[PDB]
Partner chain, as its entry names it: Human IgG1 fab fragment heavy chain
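As structure tokens, one chain now follows by itself in the form solved without the partner chain.
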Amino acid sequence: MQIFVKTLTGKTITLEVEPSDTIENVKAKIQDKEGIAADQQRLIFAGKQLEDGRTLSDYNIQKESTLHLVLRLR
């Protein structure tokens, strides 16, 4: 499926993922796309904070869903 990731700079990233791809897998893809370390990434979907070890389907994230990227710089 295809999902979108909106960032703090206003950009919209398009990613190709499988239903069971983990949040950590998605962060790795975002790191390649935007050059933002995966360990500093925090994703949100429908007001839910997404956990690294869970999958997209675990959060009912479907085709064309929009996720938000926020950061943790410590």
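Positions refer to the first chain, counted from 1.
Do the CA atoms of 22-30 or those of 35-43 have the higher mean B-factor in the entry?
35-43 has the higher mean C-alpha B-factor.
Which wins on mean Cα temperature factor, 49-57 or 6-14?
Per the PDB entry, the higher value belongs to 6-14.
Grab the CA temperature factor for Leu71 from the record and place it in the lowest, middle or highest third of its chain.
Highest third, going by the recorded CA B-factors of the chain.
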